[PDB]
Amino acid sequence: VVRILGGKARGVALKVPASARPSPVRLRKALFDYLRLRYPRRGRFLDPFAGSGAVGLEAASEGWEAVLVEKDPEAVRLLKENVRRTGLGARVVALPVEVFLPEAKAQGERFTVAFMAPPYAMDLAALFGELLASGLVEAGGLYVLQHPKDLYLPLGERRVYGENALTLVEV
């Protein structure tokens, strides 16, 4: 019930398990209006906790070199089906974010943007802290954290969208 908003796969419906937020449309639409405005040259996009891939596939559709990591074999199954439906080229890494980050660093992996929208039931703060500490975003890039508007981080500027907020941390 969710579609890619722009780019090469604009309009394509994504299979999304009834167990998702899924992800506010004005939120996604706003994040990318900003991202293409701030990064016209694009770059590499990291999406840990990707689900069916709503945000990571949107980046891919918009010209980003997207890397999506997700642990749930179910979600991964849907993720791959979605990569197919959209016909987009994206790297799918099926493993826990807590394993990926360490390894990504050792491989000298780097990205321009790292978006994280983990399930609100987890400790969204310790998780953001870990992402921020990985140092995976190159100078000039961004760490974008989605969370309930009541959760507050002094790491950067925020934008509220109804009940969700996005915290953007510059590097």
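Note that residue numbering begins at 1 and tracks the sequence as displayed.
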query: 139-147 set against 119-127, stretch whose average Cα temperature factor tops the other in the entry; finding: 119-127
query: Comparing 21-29 with 148-156, the one whose average Cα B-factor in the PDB entry is higher; finding: 21-29
query: Of the residues 57, 69, 37, 114, the one carrying the largest Cα B-factor as recorded; finding: 37
query: Assigned third (lowest, middle, highest) for the C-alpha B factor of residue 16; finding: highest
query: Modelled-residue ranking by C-alpha temperature factor, third containing residue 1; finding: highest
query: Third assignment of residue 62 from its chain's C-alpha B-factors; finding: lowest
query: B-factor third for the C-alpha atom of residue 166 within its chain; finding: lowest
query: Chain-wide C-alpha B factor ranking for residue 106, given as lowest, middle or highest third; finding: highest
